[PDB]
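Engineer: Take a look at this one; I'll ask things after.
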Amino acid sequence: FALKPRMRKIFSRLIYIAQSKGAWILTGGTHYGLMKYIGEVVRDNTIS
Amino acid sequence: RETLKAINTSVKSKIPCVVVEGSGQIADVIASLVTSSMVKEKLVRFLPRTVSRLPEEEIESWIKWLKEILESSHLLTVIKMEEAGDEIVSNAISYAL
Amino acid sequence: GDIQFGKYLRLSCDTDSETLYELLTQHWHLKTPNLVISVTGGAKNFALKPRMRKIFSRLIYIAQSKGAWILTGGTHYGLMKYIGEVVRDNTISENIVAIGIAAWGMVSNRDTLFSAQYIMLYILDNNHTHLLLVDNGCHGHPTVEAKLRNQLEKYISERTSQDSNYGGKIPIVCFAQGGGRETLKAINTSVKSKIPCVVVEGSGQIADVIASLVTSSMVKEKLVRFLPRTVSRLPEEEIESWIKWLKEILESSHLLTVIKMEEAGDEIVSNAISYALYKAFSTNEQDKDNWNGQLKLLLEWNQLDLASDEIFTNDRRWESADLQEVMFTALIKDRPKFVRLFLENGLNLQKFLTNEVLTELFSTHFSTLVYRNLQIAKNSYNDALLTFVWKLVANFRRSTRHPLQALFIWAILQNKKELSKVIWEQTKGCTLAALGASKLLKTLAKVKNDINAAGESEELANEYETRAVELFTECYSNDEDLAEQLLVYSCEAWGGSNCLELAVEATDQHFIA
Amino acid sequence: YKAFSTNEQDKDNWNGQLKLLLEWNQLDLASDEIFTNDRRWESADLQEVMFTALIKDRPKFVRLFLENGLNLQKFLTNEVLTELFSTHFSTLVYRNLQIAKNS
Amino acid sequence: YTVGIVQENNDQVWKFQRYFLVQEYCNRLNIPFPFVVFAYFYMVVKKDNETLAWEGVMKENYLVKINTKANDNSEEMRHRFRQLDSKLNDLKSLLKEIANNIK
Amino acid sequence: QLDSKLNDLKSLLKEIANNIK
Amino acid sequence: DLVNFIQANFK
């Protein structure tokens, strides 16, 4: 998985939108590549 | 590959959703597409090593899946790579729905 | 005949390339890590266009940096003369080899020969360090040096290199911007070999022909357009041979690289050369499936965008264990962009910093001058942080842990800006680390003998303190209580002190205010 | 220029073309047309145009000639400098210099 | 003149000195002086991860802010225009191919 | 916008080619 | 030495 700045920004905005709407998020959840990043983001979101 | 299968089975249902013409290469294939020879050559361009490794029958199935996906475009939305706005993501989702 | 003011010699075409290479390597010349041969017409007509001057100056700088040899006509006419001047300038400001190849029969003044000295068609140039004359046959001065130069280049391409990192082979790159016929012949005979190299769509007109081409009628009309007088003068059969040579050259394009005239960047030259070699390393098929060596080559030459485009992407599935070897080399090579790329492409920095890795790095890559300066500062001035840093560096030199802080300190003490920022972006205590870096740089500059290095260190410390101030302003604006908790947070063996103590001890009025 | 070149009376001529392009302040066209690799002008031909450019006050052409291979050091001969100073030093400037030196 | 010059850099130095004084008073027994002596007798008788993670999040936000400020030049549009030109060129090539098909 | 217009022309040409075939 | 080797190689 490549953490390109554009992809990181896009997925951070996606997580923010999901938080605002209260939407559920479904993912592979195996801690590899993109999924791992997603987890980190949500962690950050709950720490803020 | 499983991403392509998931996209196909989702589009078969009334599930509008989005692809991005960015790092994802099969997503780039779908965005560029939005004939069998053209889809094949696009896939080879974006998957030289991957297309070389795959067998003939499974890759014919790949082409069938991709054509079936490309059949319906209203449910299929794409994010332009040129766009750099901060609120682009939302837009896409919104438009899709 | 040997002349000094360098080594000169008269050779015979029957001379073996291996013997000449052994002679050159044994005593005078060091092993070549790369070669550049400049293909230019020997005619006295040469235009010193600013673009061409800049390009060739950058080429000479690249050759100096790599230590590459340079082969040229060396007759003191047109481009060659300019090249000599440039190299002279470079040595007035290591050493660069500027071998020149000419024909004994095409020399006006002959002074047969401790060392005979001669001061004065096509009289050889004196700026070149070494010069080789070959007129074993054709005493009337026809073209004979080209064959020997081609043979020597062919032999070099076959030679193995222990630490080249180009697959064990020397990159041979024929840089050509000449409009002459012999330039075309040299380009053709070079391309017939596995010699990737470059042309520029600039002043050179046959180079423009090749670039524009990259049918017989089209090549003919392009040649006539760029050589009206030249094409008119030439006979029919020789010009048909010209067209045949040009078609043969244009047959293969992977070895052929071109420089766009629109491009005006300062680092364009390098790129071209780099790309050329890259293609020959990849399209050669000897290591086309190879993955590591490609990345090592792209790391050697400062080519980041191409590496991201080609090496990475989803298909390869490189995995993590392969990136450690290139990360370690990038640390020494001072390639911060590649360090960031590797870090953001999945490399786990925390696992990478092993005790043995840090020990070896500190032992065999800490500047001796910097080590002496740090020792003097610790023994003379001393401080709450100098003692800690000195103890850590001595421990790693002789033989939680916070390895990230150690790497950040190592980067800081060598005065590496981009690398230090990249490492800082990974640490946990960012604000405290920035304050400590500013304090350490200030203290070191307080005991630094160098004049300009002191200014550089002061500027870096100012940058880091401004960074810390801005970070803390944002952090406090986000929240008022957690920011103060961070302020009072006691260092877990960073320096034993928190942000306030470091700021006050460093006299950082801006942060406190 | 075209009528001087395409006329075919002196189309093969090289010097006169450069003299004409030097008279009228046309530098870019001269670089494009007169120079380039095919002609092989050589050094001895550029001295006559450099001398005229010095008087004509055409600095761009002076720079062009200097960067196109002319050897300035050899160009400045004792006779050249003597004639130049004698028959091109402004009389007003000469009188002013004399007055300043004497006073 | 001196007062006019050194005014901007005076309040900052005073704030630094204020930190020094406040820490001196806080790092103290905080007892009224006329009785503080008793303490000197009595005393001589006897003689984290959450914050760091939050700081890291804010640091990421700050880096993002710097990068966005750098990218705010808004010149990328020009680049896009250039890309558009290339696209147009592509069309031309297609037309050429069509002509090759027609022939 | 002008660029887009130019692109439109290209498409028309393509259509013309489709008519020619 | 070096000159001797040079002339021997070059005959």
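By convention here, the chains of the structure tokens are called A, B, ... in the order presented, each chain's residues are numbered starting at 1, and ligands are numbered starting at 1 in the order presented.
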With only C-alpha atoms considered, list every residue of chain E at most 9 Å from chain C, as a compact mmCIF listing (two decimals) with N, CA, C and O atoms, in the first residue's frame.

Structural biologist:
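File selection21.txt, as written:
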# COMPACT_ATOMS: atom_id res chain seq x y z
N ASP E 11 9.21 44.32 25.87
CA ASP E 11 8.18 43.53 26.53
C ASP E 11 8.52 42.04 26.48
O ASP E 11 8.21 41.30 27.42
N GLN E 12 9.15 41.60 25.40
CA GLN E 12 9.56 40.20 25.30
C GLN E 12 10.58 39.85 26.38
O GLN E 12 10.45 38.82 27.07
N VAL E 13 11.58 40.70 26.56
CA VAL E 13 12.58 40.47 27.60
C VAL E 13 11.94 40.52 28.97
O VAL E 13 12.29 39.75 29.88
N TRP E 14 10.98 41.44 29.16
CA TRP E 14 10.31 41.52 30.44
C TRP E 14 9.50 40.26 30.72
O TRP E 14 9.43 39.82 31.87
N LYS E 15 8.88 39.68 29.70
CA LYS E 15 8.15 38.44 29.89
C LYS E 15 9.09 37.30 30.28
O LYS E 15 8.76 36.46 31.13
N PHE E 16 10.27 37.24 29.65
CA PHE E 16 11.26 36.25 30.05
C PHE E 16 11.65 36.42 31.52
O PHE E 16 11.65 35.45 32.31
N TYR E 19 8.92 35.20 33.76
CA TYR E 19 8.98 33.75 33.96
C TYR E 19 10.00 33.41 35.03
O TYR E 19 9.73 32.60 35.93
N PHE E 20 11.19 34.01 34.95
CA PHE E 20 12.22 33.72 35.94
C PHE E 20 11.72 34.01 37.35
O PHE E 20 11.83 33.18 38.25
N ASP E 48 0.27 10.72 30.10
CA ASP E 48 1.59 10.72 29.47
C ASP E 48 1.49 10.32 28.01
O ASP E 48 1.68 11.15 27.11
N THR E 51 -1.16 12.36 26.17
CA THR E 51 -0.71 13.69 25.79
C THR E 51 0.21 13.64 24.58
O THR E 51 0.10 14.47 23.67
N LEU E 52 1.13 12.68 24.55
CA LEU E 52 2.04 12.57 23.41
C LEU E 52 1.29 12.24 22.13
O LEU E 52 1.60 12.78 21.07
N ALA E 53 0.30 11.34 22.21
CA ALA E 53 -0.49 11.02 21.02
C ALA E 53 -1.27 12.23 20.53
O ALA E 53 -1.34 12.49 19.33
N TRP E 54 -1.87 12.98 21.46
CA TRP E 54 -2.59 14.18 21.08
C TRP E 54 -1.66 15.20 20.43
O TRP E 54 -2.01 15.83 19.43
N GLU E 55 -0.46 15.36 20.99
CA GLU E 55 0.52 16.26 20.41
C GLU E 55 0.93 15.80 19.01
O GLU E 55 1.12 16.62 18.12
N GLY E 56 1.07 14.49 18.82
CA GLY E 56 1.38 13.98 17.49
C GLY E 56 0.27 14.27 16.49
O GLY E 56 0.54 14.62 15.34
N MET E 58 -1.82 16.80 16.63
CA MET E 58 -1.75 18.23 16.33
C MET E 58 -0.56 18.55 15.44
O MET E 58 -0.63 19.45 14.60
N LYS E 59 0.54 17.82 15.60
CA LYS E 59 1.70 18.00 14.74
C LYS E 59 1.38 17.61 13.30
O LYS E 59 1.79 18.29 12.36
N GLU E 60 0.66 16.51 13.12
CA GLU E 60 0.21 16.13 11.78
C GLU E 60 -0.67 17.22 11.18
O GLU E 60 -0.53 17.57 10.01
N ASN E 61 -1.57 17.78 11.99
CA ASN E 61 -2.42 18.86 11.51
C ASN E 61 -1.58 20.07 11.10
O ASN E 61 -1.86 20.72 10.08
N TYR E 62 -0.56 20.40 11.89
CA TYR E 62 0.29 21.55 11.59
C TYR E 62 1.07 21.33 10.29
O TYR E 62 1.21 22.25 9.47
N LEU E 63 1.59 20.12 10.10
CA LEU E 63 2.29 19.81 8.85
C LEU E 63 1.34 19.92 7.66
O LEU E 63 1.71 20.45 6.61

Engineer: Give one line per residue of chain E that approaches chain F to at most 7 Å, naming the two atoms of the closest pair and their distance in Å to one decimal, counting only C-alpha atoms; sort by chain then ascending residue number and deliver it as a tab-separated table.

Structural biologist:
residue	atom	partner	partner_atom	distance
E:84	CA	F:3	CA	6.7
E:88	CA	F:7	CA	6.1
E:91	CA	F:10	CA	5.8
E:95	CA	F:14	CA	6.8
E:98	CA	F:17	CA	6.3

Engineer: So that I can check the secondary structure, give me every residue of chain G assigned helix (DSSP H, G or I) by backbone DSSP, as a ChimeraX atom specification.

Structural biologist: /G:2-10

Engineer: Dump N, CA, C and O atoms for the selected residues as a JSON list (two decimals), in the first residue's frame?

Structural biologist:
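selection.json, freshly written:
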[["chain", "number", "residue", "atom", "x", "y", "z"],
["G", 2, "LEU", "N", 58.63, 3.76, -15.40],
["G", 2, "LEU", "CA", 57.39, 4.01, -16.12],
["G", 2, "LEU", "C", 57.65, 4.26, -17.60],
["G", 2, "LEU", "O", 56.95, 3.73, -18.47],
["G", 3, "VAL", "N", 58.67, 5.06, -17.91],
["G", 3, "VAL", "CA", 59.02, 5.33, -19.30],
["G", 3, "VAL", "C", 59.47, 4.04, -19.99],
["G", 3, "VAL", "O", 59.15, 3.80, -21.16],
["G", 4, "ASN", "N", 60.23, 3.21, -19.27],
["G", 4, "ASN", "CA", 60.67, 1.94, -19.85],
["G", 4, "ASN", "C", 59.48, 1.06, -20.20],
["G", 4, "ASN", "O", 59.42, 0.48, -21.29],
["G", 5, "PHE", "N", 58.51, 0.95, -19.28],
["G", 5, "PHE", "CA", 57.32, 0.16, -19.57],
["G", 5, "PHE", "C", 56.53, 0.75, -20.73],
["G", 5, "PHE", "O", 56.02, 0.01, -21.59],
["G", 6, "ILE", "N", 56.43, 2.08, -20.79],
["G", 6, "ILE", "CA", 55.70, 2.72, -21.87],
["G", 6, "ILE", "C", 56.33, 2.39, -23.21],
["G", 6, "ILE", "O", 55.64, 1.99, -24.16],
["G", 7, "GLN", "N", 57.65, 2.54, -23.31],
["G", 7, "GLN", "CA", 58.32, 2.29, -24.59],
["G", 7, "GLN", "C", 58.33, 0.81, -24.94],
["G", 7, "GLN", "O", 58.29, 0.46, -26.13],
["G", 8, "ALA", "N", 58.38, -0.07, -23.94],
["G", 8, "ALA", "CA", 58.27, -1.50, -24.21],
["G", 8, "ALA", "C", 56.90, -1.84, -24.77],
["G", 8, "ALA", "O", 56.78, -2.60, -25.74],
["G", 9, "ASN", "N", 55.84, -1.30, -24.16],
["G", 9, "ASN", "CA", 54.49, -1.57, -24.65],
["G", 9, "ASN", "C", 54.27, -1.00, -26.04],
["G", 9, "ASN", "O", 53.65, -1.64, -26.89],
["G", 10, "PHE", "N", 54.78, 0.20, -26.30],
["G", 10, "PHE", "CA", 54.61, 0.86, -27.59],
["G", 10, "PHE", "C", 55.64, 0.42, -28.62],
["G", 10, "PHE", "O", 55.55, 0.84, -29.78]]

Engineer: Residues at most 12 Å from residue D:43, counting only C-alpha atoms, excluding those fewer than 3 positions away in the same chain, as a PyMOL selection string?

Structural biologist: (chain C and resi 44-46+77-78) or (chain D and resi 40+46-50+65-72+74-75)

Engineer: At a cut-off of 10 Å, which residues of chain A touch chain B? Count only C-alpha atoms and give the answer as an NGL selection string.

Structural biologist: :A and (1-4 or 6-7 or 9-14 or 16-18)

Engineer: Pull C-alpha atoms from the residues just selected and write them as a PDB file, in the first residue's frame.

Structural biologist:
ATOM      1  CA  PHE A   1       0.000   0.000   0.000  1.00  0.00           C
ATOM      2  CA  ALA A   2       1.242   3.467  -0.937  1.00  0.00           C
ATOM      3  CA  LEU A   3       0.516   6.364   1.428  1.00  0.00           C
ATOM      4  CA  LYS A   4       0.337   9.001  -1.269  1.00  0.00           C
ATOM      5  CA  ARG A   6      -3.634  12.639  -2.077  1.00  0.00           C
ATOM      6  CA  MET A   7      -4.947   9.272  -0.895  1.00  0.00           C
ATOM      7  CA  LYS A   9      -6.121  13.395   2.426  1.00  0.00           C
ATOM      8  CA  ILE A  10      -9.036  11.723   0.634  1.00  0.00           C
ATOM      9  CA  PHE A  11      -9.417   9.011   3.259  1.00  0.00           C
ATOM     10  CA  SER A  12      -9.076  11.489   6.127  1.00  0.00           C
ATOM     11  CA  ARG A  13     -11.882  13.546   4.588  1.00  0.00           C
ATOM     12  CA  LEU A  14     -13.917  10.360   4.165  1.00  0.00           C
ATOM     13  CA  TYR A  16     -14.471  13.055   8.815  1.00  0.00           C
ATOM     14  CA  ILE A  17     -17.621  12.812   6.687  1.00  0.00           C
ATOM     15  CA  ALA A  18     -18.469   9.443   8.240  1.00  0.00           C
TER      16      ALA A  18
END

Engineer: Pull out every residue of chain B that has at least one atom within 12 Å of chain C, counting only C-alpha atoms, and report them as a list in words.

Structural biologist: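 Going by the stated atoms only, the list reads residues 1, 22, 23, 24, 25, 26, 44, 45, 46, 47, 48, 49, 50, 51, 52, 53 and 54 of chain B.
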
Engineer: Would you export the selected residues with N, CA and C atoms as a PDB file, in the first residue's frame, please?

Structural biologist:
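Now in selection.pdb:
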ATOM      1  N   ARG B   1      -8.037  -8.092  -7.397  1.00  0.00           N
ATOM      2  CA  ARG B   1      -9.098  -8.824  -8.083  1.00  0.00           C
ATOM      3  C   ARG B   1     -10.377  -8.839  -7.254  1.00  0.00           C
ATOM      4  N   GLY B  22      -6.754   7.427  -9.145  1.00  0.00           N
ATOM      5  CA  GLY B  22      -5.519   7.745  -8.458  1.00  0.00           C
ATOM      6  C   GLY B  22      -4.564   6.574  -8.379  1.00  0.00           C
ATOM      7  N   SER B  23      -4.109   6.258  -7.165  1.00  0.00           N
ATOM      8  CA  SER B  23      -3.141   5.180  -6.998  1.00  0.00           C
ATOM      9  C   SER B  23      -3.712   3.845  -7.459  1.00  0.00           C
ATOM     10  N   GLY B  24      -4.968   3.567  -7.122  1.00  0.00           N
ATOM     11  CA  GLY B  24      -5.579   2.324  -7.566  1.00  0.00           C
ATOM     12  C   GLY B  24      -5.535   2.204  -9.079  1.00  0.00           C
ATOM     13  N   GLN B  25      -5.058   1.052  -9.554  1.00  0.00           N
ATOM     14  CA  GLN B  25      -4.818   0.872 -10.981  1.00  0.00           C
ATOM     15  C   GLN B  25      -6.031   0.310 -11.711  1.00  0.00           C
ATOM     16  N   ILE B  26      -6.748  -0.634 -11.101  1.00  0.00           N
ATOM     17  CA  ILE B  26      -7.995  -1.099 -11.696  1.00  0.00           C
ATOM     18  C   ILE B  26      -9.055  -0.010 -11.604  1.00  0.00           C
ATOM     19  N   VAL B  44      -4.027  -4.299 -19.622  1.00  0.00           N
ATOM     20  CA  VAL B  44      -2.618  -4.636 -19.799  1.00  0.00           C
ATOM     21  C   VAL B  44      -1.743  -3.433 -19.477  1.00  0.00           C
ATOM     22  N   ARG B  45      -2.155  -2.245 -19.930  1.00  0.00           N
ATOM     23  CA  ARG B  45      -1.393  -1.037 -19.638  1.00  0.00           C
ATOM     24  C   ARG B  45      -1.271  -0.814 -18.137  1.00  0.00           C
ATOM     25  N   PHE B  46      -2.383  -0.934 -17.409  1.00  0.00           N
ATOM     26  CA  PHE B  46      -2.352  -0.696 -15.972  1.00  0.00           C
ATOM     27  C   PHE B  46      -1.948  -1.926 -15.171  1.00  0.00           C
ATOM     28  N   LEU B  47      -1.904  -3.104 -15.795  1.00  0.00           N
ATOM     29  CA  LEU B  47      -1.487  -4.334 -15.117  1.00  0.00           C
ATOM     30  C   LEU B  47      -0.586  -5.158 -16.033  1.00  0.00           C
ATOM     31  N   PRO B  48       0.583  -4.630 -16.391  1.00  0.00           N
ATOM     32  CA  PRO B  48       1.515  -5.417 -17.211  1.00  0.00           C
ATOM     33  C   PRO B  48       1.928  -6.711 -16.528  1.00  0.00           C
ATOM     34  N   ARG B  49       2.534  -6.598 -15.346  1.00  0.00           N
ATOM     35  CA  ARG B  49       2.957  -7.794 -14.625  1.00  0.00           C
ATOM     36  C   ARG B  49       1.755  -8.631 -14.208  1.00  0.00           C
ATOM     37  N   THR B  50       0.693  -7.974 -13.732  1.00  0.00           N
ATOM     38  CA  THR B  50      -0.478  -8.706 -13.269  1.00  0.00           C
ATOM     39  C   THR B  50      -1.164  -9.436 -14.417  1.00  0.00           C
ATOM     40  N   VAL B  51      -1.313  -8.775 -15.568  1.00  0.00           N
ATOM     41  CA  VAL B  51      -1.956  -9.426 -16.704  1.00  0.00           C
ATOM     42  C   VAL B  51      -1.077 -10.549 -17.237  1.00  0.00           C
ATOM     43  N   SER B  52       0.246 -10.360 -17.211  1.00  0.00           N
ATOM     44  CA  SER B  52       1.142 -11.422 -17.656  1.00  0.00           C
ATOM     45  C   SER B  52       1.011 -12.655 -16.774  1.00  0.00           C
ATOM     46  N   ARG B  53       0.910 -12.461 -15.458  1.00  0.00           N
ATOM     47  CA  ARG B  53       0.879 -13.604 -14.552  1.00  0.00           C
ATOM     48  C   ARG B  53      -0.425 -14.386 -14.675  1.00  0.00           C
ATOM     49  N   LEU B  54      -1.538 -13.697 -14.911  1.00  0.00           N
ATOM     50  CA  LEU B  54      -2.837 -14.350 -14.858  1.00  0.00           C
ATOM     51  C   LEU B  54      -3.014 -15.319 -16.030  1.00  0.00           C
TER      52      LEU B  54
END

Engineer: With chain B as the partner and 12 Å as the cut-off, tabulate the residues of chain E that qualify, each row holding the nearest pair of atoms and their distance in Å to one decimal, using only C-alpha atoms, sorted by chain and rising number, as JSON lines.

Structural biologist:
{"residue": "E:68", "atom": "CA", "partner": "B:86", "partner_atom": "CA", "distance": 10.2}
{"residue": "E:71", "atom": "CA", "partner": "B:84", "partner_atom": "CA", "distance": 10.2}
{"residue": "E:72", "atom": "CA", "partner": "B:84", "partner_atom": "CA", "distance": 10.6}
{"residue": "E:74", "atom": "CA", "partner": "B:84", "partner_atom": "CA", "distance": 10.4}
{"residue": "E:76", "atom": "CA", "partner": "B:82", "partner_atom": "CA", "distance": 9.3}
{"residue": "E:77", "atom": "CA", "partner": "B:82", "partner_atom": "CA", "distance": 9.2}
{"residue": "E:78", "atom": "CA", "partner": "B:82", "partner_atom": "CA", "distance": 11.9}
{"residue": "E:79", "atom": "CA", "partner": "B:82", "partner_atom": "CA", "distance": 10.1}
{"residue": "E:80", "atom": "CA", "partner": "B:82", "partner_atom": "CA", "distance": 7.5}
{"residue": "E:81", "atom": "CA", "partner": "B:82", "partner_atom": "CA", "distance": 10.9}
{"residue": "E:83", "atom": "CA", "partner": "B:82", "partner_atom": "CA", "distance": 10.0}
{"residue": "E:84", "atom": "CA", "partner": "B:82", "partner_atom": "CA", "distance": 11.0}

Engineer: Would you put the residues from that selection into a file with N, CA and C atoms, as a tab-separated table (two decimals), in the first residue's frame?

Structural biologist:
chain	number	residue	atom	x	y	z
E	68	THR	N	-0.58	22.77	2.85
E	68	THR	CA	-1.68	23.44	2.16
E	68	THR	C	-1.35	24.90	1.88
E	71	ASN	N	0.89	24.92	-1.08
E	71	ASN	CA	0.19	24.58	-2.31
E	71	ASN	C	-0.84	25.64	-2.71
E	72	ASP	N	-1.18	26.55	-1.81
E	72	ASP	CA	-2.19	27.57	-2.10
E	72	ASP	C	-1.75	28.57	-3.17
E	74	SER	N	-1.88	28.37	-6.22
E	74	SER	CA	-2.94	28.34	-7.23
E	74	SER	C	-2.39	28.37	-8.65
E	76	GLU	N	-1.28	25.68	-10.17
E	76	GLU	CA	-1.53	24.38	-10.79
E	76	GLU	C	-2.49	24.49	-11.96
E	77	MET	N	-3.42	25.45	-11.91
E	77	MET	CA	-4.34	25.64	-13.03
E	77	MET	C	-3.58	25.76	-14.34
E	78	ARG	N	-2.54	26.59	-14.36
E	78	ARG	CA	-1.73	26.72	-15.57
E	78	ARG	C	-1.26	25.35	-16.05
E	79	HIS	N	-0.70	24.55	-15.14
E	79	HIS	CA	-0.28	23.20	-15.51
E	79	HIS	C	-1.43	22.44	-16.15
E	80	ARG	N	-2.61	22.49	-15.52
E	80	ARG	CA	-3.77	21.83	-16.10
E	80	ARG	C	-3.98	22.28	-17.54
E	81	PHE	N	-3.92	23.59	-17.78
E	81	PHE	CA	-4.07	24.10	-19.14
E	81	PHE	C	-3.09	23.40	-20.07
E	83	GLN	N	-1.73	20.49	-19.76
E	83	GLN	CA	-2.23	19.14	-19.98
E	83	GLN	C	-3.34	19.14	-21.02
E	84	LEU	N	-4.27	20.09	-20.92
E	84	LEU	CA	-5.34	20.18	-21.90
E	84	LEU	C	-4.77	20.21	-23.31

Engineer: Show me, as a PyMOL selection string, the residues that have an atom within 9 Å of stretch 39-43 of chain B when counting only C-alpha atoms, minus same-chain residues fewer than 6 positions from it.

Structural biologist: chain B and resi 25-26+29-30+32-33+51+63+66-67

Engineer: In Å, how far is it from atom CA of residue C:345 to atom CA of residue C:307?

Structural biologist: 12.0 Å

Engineer: Given a cut-off of 8 Å, which residues of chain A touch chain E, counting only C-alpha atoms, written out as a PyMOL selection string?

Structural biologist: chain A and resi 44+47-48

Engineer: Keeping only N, CA and C atoms, write the selected residues to a file as a compact mmCIF listing (two decimals), in the first residue's frame.

Structural biologist:
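Contents of the output file selection-v7.txt:
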# COMPACT_ATOMS: atom_id res chain seq x y z
N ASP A 44 -7.11 8.58 15.73
CA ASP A 44 -6.88 10.01 15.85
C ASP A 44 -8.19 10.74 16.07
N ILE A 47 -9.36 10.53 19.52
CA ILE A 47 -8.49 11.21 20.48
C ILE A 47 -8.78 12.70 20.49
N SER A 48 -9.03 13.28 19.32
CA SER A 48 -9.34 14.70 19.21
C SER A 48 -10.65 15.02 19.93

Engineer: Determine, counting only C-alpha atoms, which protein, DNA and RNA residues have an atom within 8 Å of an atom of stretch 69-73 of chain B; residues of the same chain fewer than 3 positions away are not included. Present the result as a VMD selection string.

Structural biologist: chain B and resid 7 to 8 11 to 12 30 33 to 34 65 to 66 76 to 77

Engineer: Can you tell me how far atom CA of residue C:19 sits from atom CA of residue C:135, in Å to one decimal?

Structural biologist: 17.7 Å

Engineer: Between D:8, D:33, D:38, D:28, which one has atoms that come closest to chain C, using only C-alpha atoms?

Structural biologist: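 Nearest candidate to chain C out of D:8, D:33, D:38, D:28: D:38.
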